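The structure under discussion appears below in the form of structure tokens.
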Amino acid sequence: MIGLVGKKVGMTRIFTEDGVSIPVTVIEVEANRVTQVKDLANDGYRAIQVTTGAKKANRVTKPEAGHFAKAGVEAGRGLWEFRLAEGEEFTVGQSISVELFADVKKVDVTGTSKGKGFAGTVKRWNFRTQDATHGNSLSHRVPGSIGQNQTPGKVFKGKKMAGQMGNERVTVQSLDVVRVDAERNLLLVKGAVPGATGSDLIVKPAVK
Amino acid sequence: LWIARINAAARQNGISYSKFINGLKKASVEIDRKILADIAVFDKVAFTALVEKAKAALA
Amino acid sequence: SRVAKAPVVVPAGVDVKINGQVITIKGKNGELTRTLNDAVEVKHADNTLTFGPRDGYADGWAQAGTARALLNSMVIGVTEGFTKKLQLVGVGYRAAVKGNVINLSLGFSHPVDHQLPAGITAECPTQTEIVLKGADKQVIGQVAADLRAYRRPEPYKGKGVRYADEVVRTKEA
Amino acid sequence: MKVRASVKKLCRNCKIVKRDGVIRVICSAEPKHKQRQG
Amino acid sequence: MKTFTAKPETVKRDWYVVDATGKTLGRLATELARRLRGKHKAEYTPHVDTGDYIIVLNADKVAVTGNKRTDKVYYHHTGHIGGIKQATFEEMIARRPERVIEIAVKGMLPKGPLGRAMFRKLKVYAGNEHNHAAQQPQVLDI
RNA sequence: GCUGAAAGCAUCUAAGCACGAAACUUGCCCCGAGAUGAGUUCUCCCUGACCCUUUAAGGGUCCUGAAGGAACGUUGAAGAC
RNA sequence: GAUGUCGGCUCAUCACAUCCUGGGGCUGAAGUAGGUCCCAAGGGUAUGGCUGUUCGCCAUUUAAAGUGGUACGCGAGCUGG
RNA sequence: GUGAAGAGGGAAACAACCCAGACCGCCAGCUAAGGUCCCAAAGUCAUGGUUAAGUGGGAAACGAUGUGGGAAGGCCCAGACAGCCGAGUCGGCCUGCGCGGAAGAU
């Protein structure tokens, strides 16, 4: 099925009457507005494109303005796409709200993970340290050996080394839906999700 | 190079290079491969006449 | 050879149609069709069918014999039909029929349901006995084998699903 | 099943057949006589 | 005088169309390679391209002999340690029917820049239709 | 295993049909059109005069400078640069 | 007119003559538990006492604590018994 | 006998194996060993046979109704072989080409 686009607000907890505490992530889901419909005859596949949010007028370029004006919708802060299943229909200019999840039990959430920059092998790959005493010479957190002798005489592709870590696309699967609040545009899920406070998120019904 | 060009020209008239050379030898013609390739490229009526000569010799 | 040199009589009441390598036989019990190998020639004399080799193939006689047997079986099937019988042996083993589904209880922690194919009929004259009927020899054989595979006869007491005329050997510990 | 390089009939109920490029011995009286060449 | 040489700026090329239904693979590939190189013209020059354009139709209906339809194997390697992969003729025909003829023809052509350039004149399709009617190809019977 | 001749019988195979595993091809997650075979879809911008010559995907003067981009400044849960 | 040789640490990669998990045939296979052969390389596959030890014996665990090749893998990566 | 102290052509590459001994020039012709579907010069040549294993394009003792050829035996129209009647059927020998036996490390 189709999903929605929201924003990460923070984390809190819910107390139950039986005396359990549930940790939750709070997601704000405003109305998604349909900007384009793609079919088989013209594009070769079946999808919809949506926007959400708001954008200031003097930061919108003319190409973007024309794209929004053909649809007849106000400008937003980005464009996203979803693939359609057999027997799903939509029209240009329609709005979709969070009541789409009223009866869904589990979801998948996608975001962009936090950045750590250049990282070593101990932090990036769980390598073991060498001795801190007993005569070690300048080699405490260094990686060690990286190959064999004259056969094969090179280093293999995919070897584990130091480099950039974080700041990439990640998905977490099968999270419980704790609450859907349609008057305040809120979805509460159980657990932690990728990203930092204030970043964009994509929410879909669970595939497994 | 001369031999390859002669093969191409002869198969267009309906005979192979080896048979064509045999026919010329049996008809007592003594033109060499340089001149044969030159004629193949620049004068096609003459090459057809030579092929007919070789075919008559073989017949 | 010897098998292929015997023609097949076409008893009254059955219709035969030939087209290239395709043959159709129709009778009171139904209709059957088949496509034969490219090394057999079949002829419809007056009330008999004859099979023979074609020049150019090195295995004509074997293919002709196979075709003769198959056509004979088709003719017998569209007039009389074929039947098979199965028996259950054991404590608490049972079977029943509903529509075109057979229900089996055979000592498992779950029941067994079998869906019959198109053209095969089943009956249960007792809780410990099954009878199958049809017009296709190969299909009836396959269905009987599928039913037997759920629990094979075992060698110490003979328990399971068996054929009616099957000799089951036993041994001691 | 007996897998070996020399396969032969062990009694009067044994038979030799060739299936899919393999030489086999099947018996109707004794399961111990079942053989495969390889 | 000096021997004649062909000039790339004045050669003449023609368009042909071929049907592959029921033909033996390698015995079709030899002809295709011969005519892409240009060994059938009396102006053949080793360092110039003097061949024709060929369209091939019905590539999923090409034939093989023996037990090859299930026993011929195509191999390749990905560059990562342990990455050796294989497929059979049936599987190749099921997922990418054009590669079967493309690979065979490419193996029979010269290796180098000029051979890579000769390969570009071959157009292979899987069905019975093409969209090159503006070039007016003529029928070739192989 | 089913049906079945060569070999009047028997036979899982020669012609036909059915099952069968963490191995194979997919299904799950990430990169990806420098895929030189460089793909598709939506939107936005530019609508003046002359001269010479060896006359053609030719050279030059005047008028005009769009959509957009970059540079500079205040900076970030982005970062060795 | 020089290719630093045992053992430990860190980091690995391949074969299959398979230690565990998966699928089968025979049994001098009643059940539970075993013996033997065939197919199968996806993933997994101990911590301590003694000794410079690789091995080996002992103590207590585990579904299991596989056998070999890679300069008896790896000192312009560490140690120096 | 060749290399050493010897070039050119063939055997993928390959001093010592096979063909053959380079005074200099030529955009002439004939052949050796080895070859003629494409990479790559020349027969998709002609006539009669064998193989179904990609054998050809790695290996033994031993095992088996794969199948081509040759010379002799036993039974059979006075009824043979197989099964439950009406033409063939049994077991050795010599020889051509194939099948299993056949597991390794970028």
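Residues are referred to by chain and number: the chain letter is A, B, ... according to the order shown in the structure tokens, the number counts from 1 in that chain, and ligands are numbered separately from 1 in the order shown.
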
Contacts of residue 41 (chain F) at 10 Å (only C-alpha atoms (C1' of nucleotides); same-chain gap of 2+ positions) as a PDB file with N, CA, C and O atoms, in the first residue's frame:
```pdb
ATOM      1  N   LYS A  38       1.109   8.796 -12.413  1.00  0.00           N
ATOM      2  CA  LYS A  38       1.842   8.160 -13.499  1.00  0.00           C
ATOM      3  C   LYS A  38       1.231   6.801 -13.812  1.00  0.00           C
ATOM      4  O   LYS A  38       1.059   5.981 -12.907  1.00  0.00           O
ATOM      5  N   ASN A  42       1.853   6.174 -20.565  1.00  0.00           N
ATOM      6  CA  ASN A  42       2.729   7.324 -20.726  1.00  0.00           C
ATOM      7  C   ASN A  42       4.091   7.158 -20.068  1.00  0.00           C
ATOM      8  O   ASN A  42       5.069   7.718 -20.565  1.00  0.00           O
ATOM      9  N   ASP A  43       4.188   6.412 -18.969  1.00  0.00           N
ATOM     10  CA  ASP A  43       5.422   6.321 -18.198  1.00  0.00           C
ATOM     11  C   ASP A  43       5.966   4.913 -18.049  1.00  0.00           C
ATOM     12  O   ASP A  43       7.164   4.760 -17.824  1.00  0.00           O
ATOM     13  N   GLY A  44       5.132   3.887 -18.156  1.00  0.00           N
ATOM     14  CA  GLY A  44       5.584   2.519 -18.054  1.00  0.00           C
ATOM     15  C   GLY A  44       5.430   1.878 -16.695  1.00  0.00           C
ATOM     16  O   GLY A  44       5.811   0.715 -16.542  1.00  0.00           O
TER      17      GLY A  44
END
```

Sorted by chain and rising residue number, which residues of chain C lie within 12 Å of chain D, and what are their closest atom pairs and distances in Å to one decimal, counting only C-alpha atoms, as a Markdown table?
```
| residue | atom | partner | partner_atom | distance |
| --- | --- | --- | --- | --- |
| C:167 | CA | D:28 | CA | 11.8 |
| C:168 | CA | D:29 | CA | 11.9 |
| C:169 | CA | D:29 | CA | 10.0 |
```

Would you mind exporting the chosen residues as an mmCIF file, in the first residue's frame, restricted to C-alpha atoms?
```
data_model
loop_
_atom_site.group_PDB
_atom_site.id
_atom_site.type_symbol
_atom_site.label_atom_id
_atom_site.label_comp_id
_atom_site.auth_asym_id
_atom_site.auth_seq_id
_atom_site.Cartn_x
_atom_site.Cartn_y
_atom_site.Cartn_z
ATOM 1 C CA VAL C 167 1.321 -58.949 -0.815
ATOM 2 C CA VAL C 168 2.972 -57.336 2.216
ATOM 3 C CA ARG C 169 5.933 -59.149 3.741
#
```

Expected answer as number ranges by chain: chain E residues within 12 Å of chain B, only C-alpha atoms:
E: 1-6, 34-35, 38-47

Got time to write the residues from that selection, N, CA and C atoms, as an mmCIF file, in the first residue's frame?
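Written file, again-v6.cif:
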```cif
data_model
loop_
_atom_site.group_PDB
_atom_site.id
_atom_site.type_symbol
_atom_site.label_atom_id
_atom_site.label_comp_id
_atom_site.auth_asym_id
_atom_site.auth_seq_id
_atom_site.Cartn_x
_atom_site.Cartn_y
_atom_site.Cartn_z
ATOM 1 N N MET E 1 52.772 2.824 -60.085
ATOM 2 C CA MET E 1 51.457 2.799 -59.391
ATOM 3 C C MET E 1 51.628 2.271 -57.974
ATOM 4 N N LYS E 2 50.558 2.313 -57.191
ATOM 5 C CA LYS E 2 50.531 1.729 -55.859
ATOM 6 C C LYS E 2 49.198 1.027 -55.649
ATOM 7 N N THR E 3 49.175 0.053 -54.750
ATOM 8 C CA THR E 3 47.959 -0.714 -54.517
ATOM 9 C C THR E 3 46.863 0.182 -53.954
ATOM 10 N N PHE E 4 45.620 -0.194 -54.228
ATOM 11 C CA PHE E 4 44.466 0.620 -53.882
ATOM 12 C C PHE E 4 44.133 0.495 -52.399
ATOM 13 N N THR E 5 43.693 1.602 -51.810
ATOM 14 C CA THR E 5 43.262 1.633 -50.421
ATOM 15 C C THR E 5 41.919 2.343 -50.332
ATOM 16 N N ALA E 6 41.041 1.835 -49.474
ATOM 17 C CA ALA E 6 39.711 2.397 -49.291
ATOM 18 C C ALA E 6 39.729 3.510 -48.246
ATOM 19 N N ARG E 34 31.155 -12.308 -41.040
ATOM 20 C CA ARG E 34 31.734 -12.060 -42.353
ATOM 21 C C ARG E 34 31.206 -10.762 -42.952
ATOM 22 N N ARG E 35 29.886 -10.574 -42.906
ATOM 23 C CA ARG E 35 29.296 -9.401 -43.543
ATOM 24 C C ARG E 35 29.439 -8.130 -42.720
ATOM 25 N N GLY E 38 33.133 -7.157 -43.761
ATOM 26 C CA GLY E 38 33.213 -6.721 -45.133
ATOM 27 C C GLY E 38 34.108 -7.558 -46.010
ATOM 28 N N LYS E 39 34.227 -8.852 -45.735
ATOM 29 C CA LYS E 39 35.041 -9.761 -46.522
ATOM 30 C C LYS E 39 34.357 -10.204 -47.803
ATOM 31 N N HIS E 40 33.154 -9.716 -48.080
ATOM 32 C CA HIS E 40 32.441 -10.048 -49.299
ATOM 33 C C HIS E 40 32.539 -8.975 -50.373
ATOM 34 N N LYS E 41 33.267 -7.893 -50.134
ATOM 35 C CA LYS E 41 33.439 -6.820 -51.101
ATOM 36 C C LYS E 41 34.879 -6.771 -51.599
ATOM 37 N N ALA E 42 35.037 -6.491 -52.892
ATOM 38 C CA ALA E 42 36.360 -6.443 -53.503
ATOM 39 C C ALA E 42 37.182 -5.242 -53.056
ATOM 40 N N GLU E 43 36.646 -4.395 -52.184
ATOM 41 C CA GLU E 43 37.363 -3.252 -51.636
ATOM 42 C C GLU E 43 37.847 -3.494 -50.213
ATOM 43 N N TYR E 44 37.861 -4.742 -49.759
ATOM 44 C CA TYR E 44 38.241 -5.048 -48.391
ATOM 45 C C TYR E 44 39.622 -4.485 -48.079
ATOM 46 N N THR E 45 39.721 -3.768 -46.960
ATOM 47 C CA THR E 45 40.965 -3.187 -46.496
ATOM 48 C C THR E 45 41.061 -3.448 -44.995
ATOM 49 N N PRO E 46 42.136 -4.083 -44.519
ATOM 50 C CA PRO E 46 42.168 -4.504 -43.108
ATOM 51 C C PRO E 46 41.967 -3.391 -42.090
ATOM 52 N N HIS E 47 42.427 -2.168 -42.340
ATOM 53 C CA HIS E 47 42.341 -1.098 -41.350
ATOM 54 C C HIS E 47 41.177 -0.142 -41.582
#
```

DSSP strand (DSSP E or B) residues within chain E, listed as a list in words
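Reading the DSSP output for chain E, strand (DSSP E or B) covers residues 15, 16, 17, 18, 19, 24, 53, 54, 55, 56, 57, 63, 73, 74, 75, 76, 77, 84, 85, 86, 87, 88, 122, 123, 124, 138 and 139 of chain E.
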
Distance cut-off 10 Å, counting only C-alpha atoms (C1' of nucleotides) - which residues of chain A neighbour chain G? Return them as a PyMOL selection string.
chain A and resi 127-131+134-152+156+159-160

Contacts of residue 184 (chain A) at 10 Å (only C-alpha atoms (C1' of nucleotides); same-chain gap of 4+ positions) as a short mmCIF file (atom, residue, chain, number, x, y, z; two decimals) with N, CA and C atoms, in the first residue's frame:
```cif
data_model
loop_
_atom_site.label_atom_id
_atom_site.label_comp_id
_atom_site.auth_asym_id
_atom_site.auth_seq_id
_atom_site.Cartn_x
_atom_site.Cartn_y
_atom_site.Cartn_z
N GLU A 28 5.05 13.68 13.47
CA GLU A 28 4.04 14.63 13.03
C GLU A 28 3.77 14.42 11.54
N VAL A 29 2.52 14.12 11.20
CA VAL A 29 2.12 13.80 9.84
C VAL A 29 1.02 14.78 9.45
N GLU A 30 1.37 15.81 8.68
CA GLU A 30 0.40 16.74 8.12
C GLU A 30 -0.21 16.13 6.86
N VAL A 98 -3.63 11.26 8.11
CA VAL A 98 -3.06 10.19 8.92
C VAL A 98 -4.08 9.10 9.27
N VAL A 180 -2.83 6.67 17.05
CA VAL A 180 -3.13 7.52 15.90
C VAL A 180 -4.06 8.62 16.38
#
```

Identify all residues of chain E in helix (DSSP H, G or I) (DSSP on the backbone) and supply them as a VMD selection string.
chain E and resid 25 to 37 59 to 61 68 to 71 89 to 95 97 to 107 113 to 119

Dump of N, CA and C atoms for the selected residues, as a compact mmCIF listing (two decimals), in the first residue's frame:
```txt
# COMPACT_ATOMS: atom_id res chain seq x y z
N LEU E 25 22.92 -21.96 -34.55
CA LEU E 25 23.47 -20.73 -33.99
C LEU E 25 24.81 -20.36 -34.62
N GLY E 26 25.80 -21.25 -34.52
CA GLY E 26 27.13 -20.91 -34.98
C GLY E 26 27.22 -20.73 -36.49
N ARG E 27 26.47 -21.54 -37.23
CA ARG E 27 26.45 -21.42 -38.67
C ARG E 27 25.70 -20.18 -39.15
N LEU E 28 24.91 -19.53 -38.30
CA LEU E 28 24.42 -18.19 -38.61
C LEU E 28 25.43 -17.11 -38.21
N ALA E 29 26.13 -17.34 -37.11
CA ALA E 29 27.05 -16.33 -36.59
C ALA E 29 28.23 -16.10 -37.53
N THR E 30 28.73 -17.15 -38.17
CA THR E 30 29.84 -16.96 -39.10
C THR E 30 29.46 -15.99 -40.22
N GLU E 31 28.28 -16.17 -40.81
CA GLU E 31 27.83 -15.28 -41.87
C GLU E 31 27.69 -13.85 -41.37
N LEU E 32 27.08 -13.69 -40.20
CA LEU E 32 26.91 -12.34 -39.67
C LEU E 32 28.26 -11.64 -39.51
N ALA E 33 29.25 -12.34 -38.96
CA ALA E 33 30.56 -11.73 -38.75
C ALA E 33 31.25 -11.40 -40.07
N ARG E 34 31.16 -12.31 -41.04
CA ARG E 34 31.73 -12.06 -42.35
C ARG E 34 31.21 -10.76 -42.95
N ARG E 35 29.89 -10.57 -42.91
CA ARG E 35 29.30 -9.40 -43.54
C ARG E 35 29.44 -8.13 -42.72
N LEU E 36 29.60 -8.23 -41.40
CA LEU E 36 29.91 -7.04 -40.63
C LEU E 36 31.33 -6.56 -40.87
N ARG E 37 32.27 -7.48 -41.09
CA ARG E 37 33.64 -7.05 -41.37
C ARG E 37 33.79 -6.53 -42.80
N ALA E 59 14.91 -13.69 -32.13
CA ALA E 59 16.12 -14.24 -31.54
C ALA E 59 15.85 -15.33 -30.52
N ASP E 60 14.63 -15.44 -30.01
CA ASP E 60 14.29 -16.46 -29.04
C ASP E 60 13.89 -17.79 -29.69
N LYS E 61 14.09 -17.94 -30.99
CA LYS E 61 13.71 -19.15 -31.71
C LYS E 61 14.90 -19.76 -32.45
N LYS E 68 22.52 -29.73 -26.00
CA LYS E 68 23.08 -28.45 -25.61
C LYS E 68 22.06 -27.55 -24.93
N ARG E 69 20.78 -27.74 -25.22
CA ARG E 69 19.76 -26.86 -24.66
C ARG E 69 19.73 -26.91 -23.14
N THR E 70 20.28 -27.95 -22.52
CA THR E 70 20.36 -28.03 -21.06
C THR E 70 21.78 -28.19 -20.53
N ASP E 71 22.79 -28.33 -21.39
CA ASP E 71 24.13 -28.66 -20.95
C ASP E 71 25.22 -27.67 -21.35
N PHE E 89 21.87 -22.55 -21.11
CA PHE E 89 21.29 -22.01 -22.33
C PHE E 89 19.80 -21.73 -22.17
N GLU E 90 19.07 -22.65 -21.55
CA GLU E 90 17.64 -22.45 -21.30
C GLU E 90 17.38 -21.21 -20.47
N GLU E 91 18.13 -21.05 -19.37
CA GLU E 91 17.94 -19.90 -18.50
C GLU E 91 18.24 -18.60 -19.22
N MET E 92 19.33 -18.59 -19.99
CA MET E 92 19.68 -17.41 -20.76
C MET E 92 18.58 -17.05 -21.75
N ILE E 93 18.02 -18.05 -22.43
CA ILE E 93 16.93 -17.78 -23.36
C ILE E 93 15.70 -17.27 -22.63
N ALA E 94 15.51 -17.70 -21.38
CA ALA E 94 14.31 -17.30 -20.65
C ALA E 94 14.39 -15.86 -20.16
N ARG E 95 15.58 -15.38 -19.77
CA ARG E 95 15.63 -14.02 -19.21
C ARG E 95 16.21 -12.96 -20.15
N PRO E 97 17.03 -13.11 -24.12
CA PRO E 97 17.23 -13.88 -25.36
C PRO E 97 18.24 -13.27 -26.34
N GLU E 98 18.48 -11.96 -26.31
CA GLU E 98 19.36 -11.34 -27.30
C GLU E 98 20.83 -11.60 -27.02
N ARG E 99 21.19 -11.76 -25.75
CA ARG E 99 22.58 -11.95 -25.39
C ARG E 99 23.16 -13.20 -26.03
N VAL E 100 22.32 -14.21 -26.29
CA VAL E 100 22.83 -15.46 -26.84
C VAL E 100 23.49 -15.23 -28.19
N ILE E 101 22.85 -14.46 -29.07
CA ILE E 101 23.42 -14.21 -30.38
C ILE E 101 24.51 -13.14 -30.30
N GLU E 102 24.34 -12.16 -29.41
CA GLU E 102 25.34 -11.11 -29.31
C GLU E 102 26.70 -11.66 -28.88
N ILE E 103 26.71 -12.56 -27.89
CA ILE E 103 27.96 -13.12 -27.38
C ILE E 103 28.67 -13.94 -28.46
N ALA E 104 27.91 -14.77 -29.16
CA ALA E 104 28.49 -15.59 -30.22
C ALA E 104 29.11 -14.73 -31.32
N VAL E 105 28.41 -13.68 -31.76
CA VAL E 105 28.97 -12.85 -32.81
C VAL E 105 30.19 -12.10 -32.31
N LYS E 106 30.16 -11.61 -31.07
CA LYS E 106 31.28 -10.83 -30.58
C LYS E 106 32.54 -11.68 -30.46
N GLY E 107 32.39 -12.97 -30.16
CA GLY E 107 33.57 -13.82 -30.10
C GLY E 107 34.25 -14.06 -31.43
N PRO E 113 39.83 -1.60 -31.00
CA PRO E 113 38.90 -0.50 -31.31
C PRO E 113 38.08 -0.71 -32.57
N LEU E 114 38.70 -1.20 -33.64
CA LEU E 114 37.96 -1.37 -34.89
C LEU E 114 36.91 -2.47 -34.77
N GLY E 115 37.21 -3.55 -34.05
CA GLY E 115 36.21 -4.58 -33.83
C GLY E 115 35.06 -4.11 -32.95
N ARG E 116 35.37 -3.35 -31.91
CA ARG E 116 34.32 -2.73 -31.11
C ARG E 116 33.45 -1.82 -31.97
N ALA E 117 34.03 -1.18 -32.98
CA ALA E 117 33.24 -0.32 -33.85
C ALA E 117 32.39 -1.14 -34.82
N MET E 118 32.92 -2.28 -35.28
CA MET E 118 32.14 -3.14 -36.16
C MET E 118 30.93 -3.72 -35.44
N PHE E 119 31.05 -4.00 -34.14
CA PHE E 119 29.93 -4.55 -33.39
C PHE E 119 28.71 -3.63 -33.35
```

Please produce, as a tab-separated table, a per-residue contact table for chain C versus chain G (criterion: any atom at most 9 Å away, only C-alpha atoms (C1' of nucleotides) considered), showing the nearest atom pair and its distance in Å to one decimal, sorted by chain then residue number.
```
residue	atom	partner	partner_atom	distance
C:156	CA	G:30	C1'	7.6
C:172	CA	G:30	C1'	8.4
C:173	CA	G:30	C1'	6.2
```

Please save N, CA, C and O atoms of the selected residues as a compact mmCIF listing (two decimals), in the first residue's frame.
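Result file part.txt:
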```
# COMPACT_ATOMS: atom_id res chain seq x y z
N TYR C 156 6.55 -54.55 10.22
CA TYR C 156 6.44 -55.32 11.45
C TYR C 156 5.00 -55.71 11.78
O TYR C 156 4.79 -56.71 12.47
N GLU C 172 10.13 -60.34 12.05
CA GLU C 172 10.14 -60.24 13.50
C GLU C 172 11.36 -59.48 13.98
O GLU C 172 12.35 -59.33 13.25
N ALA C 173 11.30 -59.02 15.22
CA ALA C 173 12.40 -58.29 15.82
C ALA C 173 13.47 -59.24 16.34
O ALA C 173 14.61 -58.85 16.57
```

Write down, as a PyMOL selection string, each residue of chain F that has any atom within 12 Å of an atom of chain D, counting only C-alpha atoms (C1' of nucleotides).
chain F and resi 10-14

Write down, as a CSV table (one decimal) with C-alpha atoms, in the first residue's frame, each residue of chain A that has any atom within 12 Å of an atom of chain F, counting only C-alpha atoms (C1' of nucleotides).
```csv
chain,number,residue,atom,x,y,z
A,35,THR,CA,1.0,16.5,-7.5
A,36,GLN,CA,1.2,13.9,-10.3
A,37,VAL,CA,-0.2,10.5,-11.3
A,38,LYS,CA,1.8,8.2,-13.5
A,39,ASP,CA,0.3,5.4,-15.6
A,40,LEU,CA,1.4,2.6,-17.9
A,41,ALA,CA,0.7,4.2,-21.3
A,42,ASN,CA,2.7,7.3,-20.7
A,43,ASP,CA,5.4,6.3,-18.2
A,44,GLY,CA,5.6,2.5,-18.1
A,45,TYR,CA,4.6,2.0,-14.4
A,49,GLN,CA,3.9,11.9,-6.4
A,61,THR,CA,12.2,28.9,-8.9
A,62,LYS,CA,10.1,29.3,-12.0
A,63,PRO,CA,10.3,25.6,-13.1
A,64,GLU,CA,9.0,24.5,-9.7
A,65,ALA,CA,6.3,27.1,-9.7
A,66,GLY,CA,5.0,25.9,-13.1
A,67,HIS,CA,5.1,22.2,-11.9
A,68,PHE,CA,3.0,23.2,-8.8
A,69,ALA,CA,0.6,25.4,-10.8
A,70,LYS,CA,-0.3,22.7,-13.3
A,71,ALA,CA,-1.6,20.6,-10.4
A,110,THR,CA,13.0,5.1,6.9
A,112,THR,CA,18.9,9.3,7.4
A,113,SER,CA,21.2,8.3,10.2
A,114,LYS,CA,23.5,10.6,12.2
A,115,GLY,CA,27.0,11.5,11.1
A,116,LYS,CA,30.2,10.4,12.8
A,117,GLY,CA,32.7,11.4,10.1
A,118,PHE,CA,36.0,9.6,9.6
A,119,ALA,CA,36.1,6.6,11.9
A,163,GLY,CA,36.6,5.6,6.5
A,164,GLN,CA,33.4,7.6,6.6
A,165,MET,CA,30.6,6.3,9.0
A,166,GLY,CA,27.0,7.3,9.2
A,167,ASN,CA,24.9,9.8,7.3
A,168,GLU,CA,23.0,7.3,5.1
A,169,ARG,CA,19.6,5.8,4.4
A,170,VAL,CA,18.5,3.2,6.9
A,171,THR,CA,15.2,1.3,7.5
A,172,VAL,CA,13.9,-0.3,10.7
A,173,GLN,CA,11.1,-2.9,10.3
A,195,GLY,CA,17.8,10.3,12.3
A,196,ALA,CA,18.1,13.4,14.5
A,197,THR,CA,15.4,15.7,15.9
A,198,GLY,CA,13.7,17.6,13.0
A,199,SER,CA,14.6,15.3,10.1
A,206,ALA,CA,5.0,-3.5,7.1
A,207,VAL,CA,6.1,-5.8,4.3
A,208,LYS,CA,6.5,-8.9,6.5
```

Which residues come within 9 Å of region 21-24 of chain H, counting only C-alpha atoms (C1' of nucleotides), excluding same-chain residues fewer than 6 positions away, as a PDB file with C-alpha atoms (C1' of nucleotides), in the first residue's frame?
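File written: out_1.pdb
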```
ATOM      1  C1'   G H   6      72.596 -20.495 -36.237  1.00  0.00           C
ATOM      2  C1'   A H   7      68.569 -16.327 -38.011  1.00  0.00           C
ATOM      3  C1'   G H   8      63.565 -17.989 -41.189  1.00  0.00           C
TER       4        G H   8
END
```

So, with only C-alpha atoms (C1' of nucleotides) as the atoms that count, which of G:44, G:7, G:35, G:49 lies closest to residue 64 (chain G)?
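The answer is G:44, which sits nearest to residue 64 (chain G).
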
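Here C1' of residue 67 (chain H) and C1' of residue 97 (chain H) stand 9.0 Å from one another.
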
Can I get the residues of chain E within 12 Å of chain G, each with the closest pair of atoms and their distance in Å to one decimal, using only C-alpha atoms (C1' of nucleotides), sorted chain first then ascending number, as CSV?
```
residue,atom,partner,partner_atom,distance
E:80,CA,G:13,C1',11.7
E:81,CA,G:13,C1',8.3
E:82,CA,G:14,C1',8.4
```

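Using only C-alpha atoms (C1' of nucleotides), the part of chain D that sits within 12 Å of chain H is made up of residues 3, 4, 5, 6, 7, 8, 9, 15, 16, 17, 18, 20, 21, 22, 23, 24, 25, 36, 37 and 38 of chain D.
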
Compile the contact shell of residue 203 (chain A) as a ChimeraX atom specification: residues with an atom at most 6 Å away, counting only C-alpha atoms (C1' of nucleotides), same-chain residues fewer than 5 positions apart removed.
/A:3-4,108-109

Show me, as a PDB file with C-alpha atoms (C1' of nucleotides), in the first residue's frame, the residues of chain F whose atoms get within 7 Å of chain C, using only C-alpha atoms (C1' of nucleotides) for the distance check.
```pdb
ATOM      1  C1'   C F   2       2.476 -43.626 -12.948  1.00  0.00           C
ATOM      2  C1'   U F   3       1.402 -45.284 -17.755  1.00  0.00           C
ATOM      3  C1'   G F   4       4.688 -48.255 -21.692  1.00  0.00           C
ATOM      4  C1'   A F   5       7.237 -50.985 -26.089  1.00  0.00           C
ATOM      5  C1'   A F   6      12.302 -52.702 -28.243  1.00  0.00           C
ATOM      6  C1'   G F   8       3.656 -61.593 -27.026  1.00  0.00           C
ATOM      7  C1'   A F  15       8.328 -41.525 -26.720  1.00  0.00           C
TER       8        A F  15
END
```
